[PDB]
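Please read the structure below before turning to the comments.
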Amino acid sequence: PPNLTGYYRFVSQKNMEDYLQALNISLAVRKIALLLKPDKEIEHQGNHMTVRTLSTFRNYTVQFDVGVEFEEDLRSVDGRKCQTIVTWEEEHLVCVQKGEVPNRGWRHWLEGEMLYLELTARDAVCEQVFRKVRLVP
Ligand SMILES: [C]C1=[C]C([C])=[N+]2C1=C([C][C][C][C][C][C][C][C][C][C]C(=O)O[C][C]([O])[C][O])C1=C([C])[C]=C([C])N1[B]2(F)F
């Protein structure tokens with residue numbers, strides 16, 4: 001599987017409204033979240049990954065070894081905890097977050113320097129795109 005290490009700048013998103021509602025995020029917080037352009041930073045070493053979502057209001061970091069289910073602390077996101085498993089399906093990094101919310105998870109994949117992210121919760125599907133930042137001193 002590919003190595004996903006990189007810093008990727010926000011490009012676009014669609015239907016984040018839907019995903020936020022599906023996680024039961026309040027109107028006040030959804031209004032804030034829809035204004036921001038969070039970046040994605042990944043540290044992928046061997047079979048271990050750290051994935052950071054970075055914004056001026058709040059950051060969220062998760063760590064994992066691919067293939068090992070773990071308790072994901074999402075209390076800073078939607079107040080919940082999940083039993084989360086990340087796998088590789090061809091070149092897609094697939095995450096299933098098992099818990100209260102059905103169909104919860106996400107999928108990354110790369111096309112050149114564009115990093116795609118699909119986010120799901122209940123019947124909501126959000127599509128995001130990021131672009132890798134080149135290491136220019
Ligand atoms: C400010 C605030 C507050 C709060 C609470 N909020 C916000 C916002 C904005 C800011 C940002 C934060 C971070 C998040 C993370 C998760 C997703 C990604 C992910 O999943 O990823 C995936 C891979 O890549 C790893 O992980 C938001 C959004 C945009 C969304 C959401 C849900 N939100 B929330 F409701 F949490």
Side-chain angles (χ1 to χ4, degrees):
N3 187 284
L4 297 185
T5 297
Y7 190 107
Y8 309 80
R9 195 174 295 140
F10 180 94
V11 170
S12 65
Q13 78 190 349
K14 74 159 167 163
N15 293 304
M16 179 54 81
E17 295 86 329
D18 288 348
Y19 177 77
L20 289 159
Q21 292 176 334
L23 295 183
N24 308 114
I25 304 305
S26 69
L27 170 57
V29 178
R30 298 201 308 276
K31 212 166 172 303
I32 298 167
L34 293 171
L35 294 169
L36 306 177
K37 309 182 145 313
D39 290 340
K40 197 71 58 166
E41 189 255 4
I42 297 172
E43 291 159 38
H44 184 192
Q45 194 176 225
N47 196 44
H48 183 269
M49 288 206 190
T50 297
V51 187
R52 307 177 199 278
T53 305
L54 305 169
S55 85
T56 57
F57 273 71
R58 164 167 291 180
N59 304 309
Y60 177 70
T61 291
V62 67
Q63 270 197 116
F64 49 85
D65 292 315
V66 184
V68 182
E69 200 160 284
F70 65 101
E71 184 173 78
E72 189 179 359
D73 185 358
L74 289 152
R75 286 180 292 177
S76 77
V77 176
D78 68 326
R80 301 187 170 97
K81 285 176 185 165
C82 291
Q83 287 169 323
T84 296
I85 179 63
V86 184
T87 55
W88 284 111
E89 299 190 3
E90 289 86 53
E91 298 278 286
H92 289 210
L93 192 67
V94 179
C95 181
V96 178
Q97 296 164 312
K98 288 170 226 173
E100 175 188 326
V101 180
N103 309 312
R104 188 181 180 160
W106 49 259
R107 283 183 84 109
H108 289 283
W109 71 99
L110 283 166
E111 298 183 16
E113 281 177 313
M114 311 300 300
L115 176 67
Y116 285 79
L117 179 57
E118 176 164 291
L119 290 153
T120 62
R122 308 186 192 276
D123 287 354
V125 186
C126 167
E127 301 296 349
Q128 296 187 309
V129 189
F130 307 83
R131 179 169 263 281
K132 200 177 176 156
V133 171
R134 294 186 175 167
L135 304 181
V136 176

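Position 1 is the first residue of the sequence; numbering continues from there. Just so it is clear, the values below take in all heavy atoms, side chains as well, and ignore hydrogens, waters and symmetry mates.
- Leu20 and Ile32 are not part of a single hydrophobic cluster, where members link through side-chain heavy atoms under 4.5 Å apart.
- The SG atom of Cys95 sits 9.5 Å away from atom CG of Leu119, with the distance rounded to the nearest 0.5 Å.
- Heavy-atom contacts from other residues, nucleotides or ligands closer than 6.0 Å to CG of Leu135 number 12 or fewer.
- The minimum heavy-atom distance between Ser76 and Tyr60, with the atom names listed, is OG-CD1, 3.7 Å.
- Separating the SG atom in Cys126 from the CE atom in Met16 is a distance of 4.0 Å, to the nearest 0.5 Å.
- Under a 4.0 Å N-O distance rule, the pair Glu118/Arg107 does not qualify as a salt bridge.
- Side chains of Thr53 and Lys40: a donor-acceptor N/O pair is present below 3.5 angstrom, by distance only.
- With hydrogens and angles disregarded, a donor-acceptor distance shorter than 3.5 Å links the side chain of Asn3 to the backbone of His44.
- How far NZ of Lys37 is from CZ of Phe130: 10.5 Å, rounded to the nearest 0.5 Å.
- No path of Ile, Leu, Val, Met, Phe, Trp and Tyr side chains, each step under 4.5 Å between heavy atoms, connects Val68 with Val51, placing them in separate hydrophobic clusters.
- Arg104 contributes no side-chain N or O that, together with a main-chain N or O of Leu23, makes up a donor-acceptor pair within less than 3.5 Å.
- Interatomic distance, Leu93 CG to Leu115 CG, rounded to the nearest 0.5 Å: 9.5 Å.
- Qualifying ring-ring contact (aromatic ring centres under 6.0 Å, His included) partners for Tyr116, counting only residues two or more places apart in sequence or in other chains: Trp109.
- Within a 6.0 Å radius of CD in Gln83, no more than 12 heavy atoms belonging to other residues, nucleotides or ligands are found.
- In this structure the side chain of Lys98 reaches within 4.5 angstrom of the side chain of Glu69, judged on heavy atoms.
- Taking hydrophobic clusters as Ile, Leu, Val, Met, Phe, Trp and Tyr residues chained together by side-chain heavy-atom distances below 4.5 Å, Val29 shares a cluster with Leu74.
- Under the 4.5 Å side-chain contact rule for hydrophobic residues, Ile85 and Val77 do not share a cluster.
- Rounding to the nearest 0.5 Å gives a distance of 9.5 Å between OG1 of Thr120 and CD of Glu127.
- With hydrogens and angles ignored, the 3.5 Å screen pairs no side-chain donor or acceptor of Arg30 with any backbone N or O of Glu17.
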Inset, instruction - I would like to know whether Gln63 and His48 meet side chain to side chain contact (heavy atoms under 4.5 Å, CB included); could you show each step before the answer? - result: CA-CA 7 Å; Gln63 270 197 116; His48 183 269; 2.9 Å; yes
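- The minimum heavy-atom distance between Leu36 and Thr56, with the atom names listed, is CD2-OG1, 4.0 Å.
- At a threshold of 4.5 Å between side-chain heavy atoms, the hydrophobic network of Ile, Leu, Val, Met, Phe, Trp and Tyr places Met114 and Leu54 in two separate groups.
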Inset, instruction - Would you check, one step at a time, whether the test side chain to side chain contact (heavy atoms under 4.5 Å, CB included) holds for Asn103 with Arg122? - result: CA-CA 5 Å; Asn103 309 312; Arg122 308 186 192 276; 5.5 Å; no
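- A side-chain contact (heavy atoms from CB on, under 4.5 Å) with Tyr8 holds for exactly one of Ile42, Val133, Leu117, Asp39; it is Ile42.
- Considering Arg52, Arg9, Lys132 as possible partners of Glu41, the one that fulfils the salt bridge (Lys or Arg N to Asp or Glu O under 4.0 Å) test is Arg52.
- Note: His108 NE2 to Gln128 CD = 8.0 Å, rounded to the nearest 0.5 Å.
- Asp18 places no side-chain N or O within 3.5 Å of a backbone atom of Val125 that could act as its donor or acceptor partner.
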